[PDB]
């Protein structure tokens, strides 16, 4: 039972209210998705290394970011190699309880909105029916989280890491 009250004020600013961390996550993930689904859905393709599957290997990243705009194939390789299951595990293993719940709630909240966008409505006409608008996992959020830490190091050398090969 996740449960959050979403209060919107001027300019749409959401004010999530919940009795626990997981439910706060649930509200926050929902509103972010509600307002920014196409960017977010594209983003999880990035962090998972699943861009080339949907958008082709040679196409560049759609959006700029601390990752720059490398080719999809190289970005995919970079994220899989560096943000691997092991790294995600090691990340998660070092988290407090409430944060782990928050992230659970966040993914489920995001996933709630995806189901809603798939059902209908005129929001996000740009991507609402694309295969890459799809549910995500707590671990995928953790991928994103880990990725935001790498801005000052590994992110700058994504192409370079994805192409490190012996003679």
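Positions refer to the first chain, counted from 1.
**Student:** Mean C-alpha B factor from the entry: is it higher for 33 to 41 or for 46 to 54?
**Tutor:** On average, C-alpha B-factors are higher across 46 to 54.
**Student:** Look up the CA B-factors in the entry and say which stretch, 101 to 109 or 60 to 68, has the higher mean.
**Tutor:** If you average the C-alpha B-factors of 60 to 68 and of 101 to 109, the larger mean comes out for 101 to 109.
**Student:** What third of the chain does residue 9 rank in for C-alpha temperature factor, lowest, middle or highest?
**Tutor:** Lowest third - that is where residue 9 ends up once the chain's C-alpha B-factors are sorted.
**Student:** Could you place residue 118 in the lowest, middle or highest third of its chain by Cα temperature factor, using the values in the record?
**Tutor:** Within its chain, residue 118 is a middle-third residue by C-alpha B-factor, going by the deposited values.
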